[PDB]
Amino acid sequence: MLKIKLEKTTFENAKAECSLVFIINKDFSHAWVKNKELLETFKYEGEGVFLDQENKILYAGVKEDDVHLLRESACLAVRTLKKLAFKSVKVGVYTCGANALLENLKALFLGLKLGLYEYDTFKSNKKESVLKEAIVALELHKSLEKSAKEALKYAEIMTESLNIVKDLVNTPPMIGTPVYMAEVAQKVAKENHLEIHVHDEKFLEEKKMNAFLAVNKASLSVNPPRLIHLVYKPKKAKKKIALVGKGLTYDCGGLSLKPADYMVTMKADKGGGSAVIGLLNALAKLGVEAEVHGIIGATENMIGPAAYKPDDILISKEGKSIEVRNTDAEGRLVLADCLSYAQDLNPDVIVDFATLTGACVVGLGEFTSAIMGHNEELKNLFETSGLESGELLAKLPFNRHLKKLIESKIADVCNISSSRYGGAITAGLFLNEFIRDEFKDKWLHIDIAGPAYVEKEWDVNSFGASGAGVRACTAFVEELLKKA
Amino acid sequence: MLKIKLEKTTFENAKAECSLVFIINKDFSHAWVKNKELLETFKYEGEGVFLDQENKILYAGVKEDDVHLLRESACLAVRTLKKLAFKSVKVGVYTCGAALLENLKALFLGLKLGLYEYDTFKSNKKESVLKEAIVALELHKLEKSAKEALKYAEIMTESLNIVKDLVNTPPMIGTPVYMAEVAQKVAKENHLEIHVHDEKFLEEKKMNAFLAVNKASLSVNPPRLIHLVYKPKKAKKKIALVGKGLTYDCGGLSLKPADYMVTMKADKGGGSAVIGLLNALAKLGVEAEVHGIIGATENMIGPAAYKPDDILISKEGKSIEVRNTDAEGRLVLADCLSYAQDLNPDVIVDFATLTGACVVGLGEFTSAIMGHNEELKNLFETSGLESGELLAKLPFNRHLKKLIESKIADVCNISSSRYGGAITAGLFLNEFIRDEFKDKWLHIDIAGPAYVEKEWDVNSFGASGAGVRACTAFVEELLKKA
Amino acid sequence: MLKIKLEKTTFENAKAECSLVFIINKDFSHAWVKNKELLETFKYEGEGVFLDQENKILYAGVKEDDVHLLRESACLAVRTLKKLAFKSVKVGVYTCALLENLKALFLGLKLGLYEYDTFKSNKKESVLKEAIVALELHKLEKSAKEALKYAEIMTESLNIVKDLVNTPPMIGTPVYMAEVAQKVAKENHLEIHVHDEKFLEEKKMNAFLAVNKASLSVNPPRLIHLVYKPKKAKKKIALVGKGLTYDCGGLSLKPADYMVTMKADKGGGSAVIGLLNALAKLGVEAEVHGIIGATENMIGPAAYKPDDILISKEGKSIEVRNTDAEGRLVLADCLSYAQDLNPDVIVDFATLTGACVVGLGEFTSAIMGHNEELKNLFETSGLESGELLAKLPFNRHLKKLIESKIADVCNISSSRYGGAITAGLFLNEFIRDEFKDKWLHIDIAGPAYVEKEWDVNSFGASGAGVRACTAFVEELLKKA
Ligand SMILES: CC(C)C[C@H](NC(=O)[C@@H](O)[C@H](N)Cc1ccccc1)C(=O)O
Ligand SMILES: CC(C)C[C@H](NC(=O)[C@@H](O)[C@H](N)Cc1ccccc1)C(=O)O
Ligand SMILES: CC(C)C[C@H](NC(=O)[C@@H](O)[C@H](N)Cc1ccccc1)C(=O)O
Ligand code: NA
Ligand code: NA
Ligand code: NA
Ligand SMILES: [Zn+2]
Ligand SMILES: [Zn+2]
Ligand SMILES: [Zn+2]
Ligand SMILES: [Zn+2]
Ligand SMILES: [Zn+2]
Ligand SMILES: [Zn+2]
């Protein structure tokens, strides 16, 4: 954890073992640029970072006056400083293109804190960084104390929440079992004084969640499944909100086995479920005025003599029958039954998160999540809020032609499309078949298969897990409640 | 089971139901070529074998004056006679380009290996009428040399055939437990110390890389860590031989295609060779303390299988990012090499059917030698080649070493590149060799010649016993200098 | 280019706009480390480079006390300074034998400026133009100028090869290759013959012609023959290079993943052109012939085919089963041409097999042949010159794998294993008995072109083969 200290003082009078100065749009004119000549001599033009050794100033370029760009640079700066021997760094308050001040303060604070994270638990050479603190001089680069206090609280809560999700998603599958997911949820419940229910395969059987159970059949005797149900219930609740996540702690494809090149990183198939656990932590600690339910269907999708099969026809909890033609479309089966369980809560809003389809990633790229559903106003609110939080998102539209592609000749619906095209969307349309008529205008489906796990550093994300979904959904709920 | 009888007599005065005469480099001039006109009449030009029916003489061609080609020809000759009705064959003593002792070993070994074939499951299996080769101690171009060569031939034939029978055993039968049983027999035969450890011992020693490979099949065929010890009255060196005993390798969750999974019963080639080596080295009575270490397990697929993305803590302590479960042998070896080093040996050699890339690079008939110590690598190569095995050194370099980095562990069990697989596998093993052992270590990748689906040289279809002769010759030459 | 000035002065007294200091094996004790505590403060421990801003000193780490790593670091140091605004750098003399170290430093430094950035719009001229070498030992003048001459010639020669190999295939045609060879011949006053398809027809080089058939009417083939003939020649040496200016695999078409980078299939032929330039400028005492068979291997309605049976110039017939084994067909005929010259030594260079790259990795070339002494000489000399090499052994089992039921030999192996070696054994079929002990085959499929920076090589072409064959020829002549 990078500690951030707010101090009522000029940047110049603040004390720290080094300084951080951002260069926005190649503007080197500010008083905080102490030795402009050194930068010219070594040809620093505001791209990436540059360290003035004599003055111990780290400059960090921000290409455009942009909050999103600010968050990224602040992260890079701390990553850079993490490998050095300075115990502390001081920085002033910036106000880039975004109200604006608060969002700029949030981006600076979160960015800085996120620069310390890397999944290095298993590396033998790992070092504790010397860098422990950032001193924030409450002075404008261009009430401030109140807004900085508000942004620091957000940054503290969101960093913790993001890092919970990332440590879990990054956890290797021999360790990160469904039972392990439940234990992480149990800690979060105890920390936040939440209600938690952890159900097993017998509960699933009693509730007739046979789609969920089918996916688990191969591995039941090794790693039994867990239906994790977290509840945050404050004194004033303006809305009941259900967050449903795909908790696939390992997806090998089942009998429809994945090729080796595609099976690697599937420890991250619990990205959605993990994001939901982090969301209950964030929303509880932010004390939002809503009753929030976190529902995670956790299981592996393994191969073995008891595995569910292409040609199986499963009776969903909702009652509809499902022709299985490919066991590698397992997430939507777990989700079919978890969404059904969710609707039994009679929520006002349902949002599911899932690393659901490769086709989403092909369509949007690795860095962007897809938003699906019927209510355009609701989808727009999630998109607008999520983009502001710094996540990349795109709506994908249903249509009636795609809907026909998941027809089955021998069941009510097929777990794959008859076409090679439109996979993210036909998957969302599969889920729709399990959304009751009275919840169709209250449901969002978010496919985070891309950004939940990426094998390189990008933006505020280190190699591996990113915590995709958490910032966007938090922003969406806050904006939702502001209107209620 | 081909008895060789040495006789103080001329080739002509020796008695047997038929004769074997080698034709070297198409030279038909020798007195032993009894009816030359017959060979002309039927266009025998010294390629392969030809049987003079009236004189009951089998001619066997040796294309060049070469001791290796003589070994091969002797094998082919007996293979030919095995199918006939002569109980005995007589042969003289030959001396091709090598020397006398080397040539006698070639002849006697070649002849004995001619009888071997894996026909255990054939319903039309026939026992051979051919039982003996009478060797007339007369030079084509001694008794002390012949005796010494016969001893080697007898021990090496037995040793190679132990290994070949084990490697050829199909996987339903040839389990890790089965390997341990064969090791027990060899230990009992040679009065060796033997330890057979199970998964509980593996857990105690934190050999989690080894354990991970076995997890899919633990409840079906549990793993075995086999440890043989030969300890002579005089021991000039302490030598640890480490073998990959993968009794089946389906690739795990990173499942092999069907065309590539067939023959993987032979993924126990390296561990099997180590078992045969303890037999050979004990009976030869070499002046070295020899440890044979075999990590035996299957690599199966199932709901408890270890996975791409698993990160395993090796016994040595280094963490391993698994990105492909079909790179399993190097995990088992990482832990078996750690166990080996705790013995503080002077020399460590490992044998493994480890990479397809080795076979692509060298061909199916040649094993790769890797390591740091050039004198030690050269000694294995020269000794090995002299013993009749085909070998090649493959060099490490710093560029290949970077390719097994991991972003989230100390090392990755696969390379980032499609190129140089045999050598990056070697460099993976290197990460588990302590500094104080790096100049005492050889890695031998026998993925090619350990199992080949045709007859070649002195090798029948299937298992060849690769690594046994070469490592024997290496140890003998090593003890000469000590 | 990077000018190197040798100056008889101390490192301290030498003048340049910045300094270069090597840190060998994390030894920071030397006088030239001007401000130690700065390195401590910023956790520089001698890996990669570090720039002392105040003193304008670039430190470059050398992990071990090794001449090869010195070569590498020197290159990295200059790549680093190239992006900066200093016009000159000064460096002392290092010894990680003295001649060998001086050659590595000077070559290393000069190779630091090479990038294939011809088609980049943002390319800007470098400020860095000179390295001032203070003739003072870290731990001489005659060795320095000897190493400087080598470095200058070898940098020129390597960059000739890399520019050519890097040239994209629409431009880098067989005619274009012959043009680069014409420039090298004119520069060095060499004898040069450039033959076309009519000459190939007359010489019955039908294996070569077959590969060219698809694209004859677009880019005709060229047989390039350079001759260096000095006043004193102790040996006659033929250097034979595969000049496939593009290899799409022909009818046996390559998938997209594998076709990209095949502009570099002229790696071997390009290496031979650079060799002739190096060996002539070094004035070695040997008559050296450089023979390059240049053509594309394209697909089209006139393409040669799997099932074609070709009559080589040597006379042996070849069953084609895969048109993507085209290099060995060009080489079969070029080797025949080479042997007619009655050389004492023949070395061929070719980016010939993927199997070689699979077996050895991308950074190492394979050496094949019969004469162990000749192979050991090439290997040892090449390793000292800074190239990574391995010998691959023939054997009789592999030789059987290229038999044909309907021709004298097949242009592919019947097995998926041992491809670099069975390719060598295919070439062997066209080497006369009287040349078999005078022949080396070098498969540079790996390091001739690599899509990243490594050692002294920038992205793309490396100039593989040139340094090693130069060192081998120089060492060969010592024995004569
Ligand atoms: C078989 C298809 C109909 C469905 C299939 N979906 C899956 O395999 C999901 O279970 C995968 N978990 C989807 C995924 C892909 C890439 C990165 C993260 C997650 C897909 O390929 O999209
Ligand atoms: C996944 C790859 C990085 C490693 C993989 N290696 C293996 O599958 C080994 O376990 C095989 N047992 C190696 C082998 C290949 C061919 C013949 C005999 C033995 C290989 O393909 O070489
Ligand atoms: C068809 C095979 C017998 C031969 C085939 N060889 C070729 O395609 C050569 O013409 C290629 N030019 C060899 C090559 C491969 C990879 C990188 C650099 C160079 C090969 O794949 O090795
Ligand atoms: Na992803
Ligand atoms: Na094999
Ligand atoms: Na290459
Ligand atoms: Zn799946
Ligand atoms: Zn999945
Ligand atoms: Zn394997
Ligand atoms: Zn294996
Ligand atoms: Zn080709
Ligand atoms: Zn080619």
Side-chain angles (χ1 to χ4, degrees), chain B residues 63-64 66 68-69 72 259-260 355-370 374 381 384-385 388-404 415-427 445 447-449 452-457 459 464, chain C residues 63-64 66 68-69 72 257-258 353-368 372 376 379 383 386-402 413-425 443 445-447 450-455 457 462:
Chain B
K63 184 164 171 295
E64 305 297 337
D66 184 275
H68 299 300
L69 300 179
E72 174 180 76
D259 280 13
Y260 290 88
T355 69
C358 185
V359 194
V360 167
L362 294 187
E364 286 194 88
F365 313 94
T366 303
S367 303
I369 299 163
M370 281 161 271
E374 296 293 333
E381 186 192 27
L385 294 169
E389 302 210 42
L390 295 169
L391 294 152
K393 305 190 301 164
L394 297 185
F396 297 146
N397 63 66
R398 63 190 186 273
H399 310 299
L400 294 175
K401 193 169 196 170
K402 299 175 55 57
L403 306 183
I404 62 182
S415 175
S416 65
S417 169
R418 314 154 25 128
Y419 304 113
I423 308 179
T424 47
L427 290 164
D445 194 334
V452 180
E453 287 195 309
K454 66 178 187 184
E455 302 181 318
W456 63 286
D457 190 49
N459 310 307
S464 70
Chain C
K63 178 141 71 212
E64 296 155 3
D66 180 279
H68 297 298
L69 299 175
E72 184 175 64
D257 276 4
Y258 292 93
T353 64
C356 181
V357 197
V358 169
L360 294 178
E362 286 193 88
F363 314 98
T364 305
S365 302
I367 301 160
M368 283 171 266
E372 295 298 331
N376 288 341
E379 182 193 34
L383 291 170
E387 305 213 45
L388 296 168
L389 301 142
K391 300 192 292 176
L392 303 180
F394 294 149
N395 64 70
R396 66 186 187 276
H397 309 299
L398 291 177
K399 194 181 189 174
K400 292 173 197 159
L401 304 179
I402 62 177
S413 166
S414 68
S415 166
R416 298 182 176 175
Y417 304 117
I421 303 175
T422 48
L425 288 162
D443 196 336
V450 182
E451 288 197 312
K452 69 177 183 190
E453 310 192 300
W454 64 285
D455 194 45
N457 314 297
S462 70

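Protein chains get the first letters and strands the later ones, always in sequence-line order, with residue 1 at the start of each. Quick note: numbers below take in every heavy atom, side chains included, and nothing from hydrogens, waters or symmetry partners.
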Original post:
In terms of heavy-atom pairs under 4.5 Å with chain C, which of B/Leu403, B/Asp457, B/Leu391 leads?
Top reply: B/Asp457
Original post:
Using non-hydrogen atoms only, which part of B/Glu72 is less than 4.5 Å away from chain C: side chain, backbone, both, or neither?
Top reply: side chain
**OP:** With the side chain counted from C-beta on, respond yes when C/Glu362 and B/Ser417 share a heavy-atom pair under 4.5 Å apart, and no when they do not.
**Re:** yes
Original post:
chain B heavy atoms under 4.5 Å from C/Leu360: which part of the residue, side chain, backbone, both or neither?
Top reply: both
**OP:** Between chain C and each of B/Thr366, B/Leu390, B/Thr424, count heavy-atom pairs under 4.5 Å; write down the option with the most.
**Re:** B/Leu390
Subject >> Partners meeting side chain to side chain contact (heavy atoms under 4.5 Å, CB included) with B/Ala425 (sequence neighbours left out) >> reply: B/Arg330, B/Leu354, B/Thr355
**OP:** Identify, with sequence neighbours excluded, every residue that meets ring pair (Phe, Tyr, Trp, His ring centres under 6.0 Å) alongside B/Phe396.
**Re:** B/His372
**OP:** Take the angle between the ring planes of B/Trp456 and C/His397 and call it parallel below 30°, perpendicular above 60°, tilted in between.
**Re:** perpendicular
